[PDB]
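1. Need a 3D model of the following:
(chains A, B and C, ligands or ions: 4)
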Amino acid sequence: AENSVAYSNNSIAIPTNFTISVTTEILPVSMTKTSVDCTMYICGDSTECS
Amino acid sequence: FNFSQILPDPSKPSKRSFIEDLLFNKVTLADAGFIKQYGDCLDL
Amino acid sequence: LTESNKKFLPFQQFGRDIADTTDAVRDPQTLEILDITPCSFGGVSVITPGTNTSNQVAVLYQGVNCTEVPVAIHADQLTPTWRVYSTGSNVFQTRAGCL
Ligand SMILES: *[C@@H]1O[C@H](CO)[C@@H](O[C@@H]2O[C@H](CO)[C@@H](O)[C@H](O)[C@H]2NC(C)=O)[C@H](O)[C@H]1NC(C)=O
Ligand SMILES: *[C@@H]1O[C@H](CO)[C@@H](O[C@@H]2O[C@H](CO)[C@@H](O)[C@H](O)[C@H]2NC(C)=O)[C@H](O)[C@H]1NC(C)=O
Ligand SMILES: *[C@@H]1O[C@H](CO)[C@@H](O[C@@H]2O[C@H](CO)[C@@H](O)[C@H](O)[C@H]2NC(C)=O)[C@H](O)[C@H]1NC(C)=O
Ligand SMILES: *[C@@H]1O[C@H](CO)[C@@H](O)[C@H](O)[C@H]1NC(C)=O
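-> Numbering: from 1, shown residues only, chains lettered A, B, ... in the order given. Ligands and ions are numbered 1, 2, ... in the order given. Next up is the structure itself:
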């Protein structure tokens, strides 16, 4: 929205009320601890591949 | 100040809170290897 | 090799997986459909205290139920170094695996 501030050198605006807002913030912390068997993934139960 | 939704609920066996229960419901997580899936395999 | 509830079409001969590997087969001698599940494996993690303090060792077998591990000798490639722990005098089951 367009909003021009009504500035004047003699005038000020002071709020007379307040709102208490509970704003939700989501933060990642950890991820999946994957472990990879390289021999089994590369070689599908092959001795010659191993 | 009410705090029953974020303090843990003893009625829940897994003692997470109500909002934590809704958070765990909305996040779709696979069973993965925490149950190890081993006898069930022996599904992505 | 097990019995499969999957029913092939008469021209079908093999059932395949996501990674383009064979999962279900048709037996040539008798026309019944089987399914292939590869044999058991898992990770091994070794728990030790300091060598300056002692030499006793606990061994964790990852991701495998304890119904197999104390009888999982099976003439393994690496069985003579965990042979006393392949016997399984003390057996505990965790979510990580058989300890
Ligand atoms: C500031 O805003 C609040 C908003 O609720 C005003 O609170 C009144 O609160 C009572 C109960 O706590 C309600 O029954 C009234 O209806 C609320 N008033 C209005 C106008 O909605 C509070 O009066 C406001 N204060 C000032 C100085 O404006
Ligand atoms: C704090 O909030 C909880 C719920 O957010 C209130 O517990 C119950 O809430 C349900 C509505 O979902 C009502 O039908 C019940 O009557 C409430 N229980 C009781 C014993 O009143 C709880 O009451 C709130 N705490 C206070 C002090 O009002
Ligand atoms: C690990 O092995 C145990 C023992 O075989 C399993 O416990 C059995 O689970 C079935 C259903 O899954 C029940 O019908 C049996 O009564 C249970 N047996 C005992 C002695 O409790 C357990 O489910 C296995 N876990 C996994 C992840 O495969
Ligand atoms: C031989 O194969 C046929 C089908 O190819 C099957 O019906 C039969 O049971 C098998 N065995 C003998 C002994 O004929």
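2. Just want the residue of chain A that's nearest chain B.
-> Among the residues of chain A, residue A:32 lies closest to chain B, at 7.4 Å counting by Cβ to the nearest Cβ. From N, CA and C alone the C-beta is placed, and that goes for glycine too.
3. Next, count neighbours for that residue.
-> Neighbour count of residue A:32, defined by other Cβ atoms under 10 Å in any protein chain shown: 9.
4. Now do the contacts for it.
-> Shown in contact with residue A:32 (Cβ atoms under 8 Å, 6 or more residues apart in numbering or on different chains): residue B:32.
5. Residue A:36: which element?
-> According to DSSP states H and E, residue A:36 maps onto no helix or strand at all.
6. repeat for residue B:25
-> Secondary structure assignment for residue B:25, by DSSP H and E: helix B:18-26.
7. Which positions within that helix qualify as buried?
-> By neighbour count on 16 or more other Cβ atoms under 10 Å in any protein chain shown, the buried set for helix B:18-26 is residue B:20.
8. after it comes which helix or strand?
-> helix B:38-41.
9. Show residues contacting that following helix.
-> C:37, C:40, C:42, C:63-65, C:67.
10. quick one: contacts for residue C:96?
-> By Cβ under 8 Å, 6+ apart, the contact set of residue C:96 is C:45, C:60, C:62-63.
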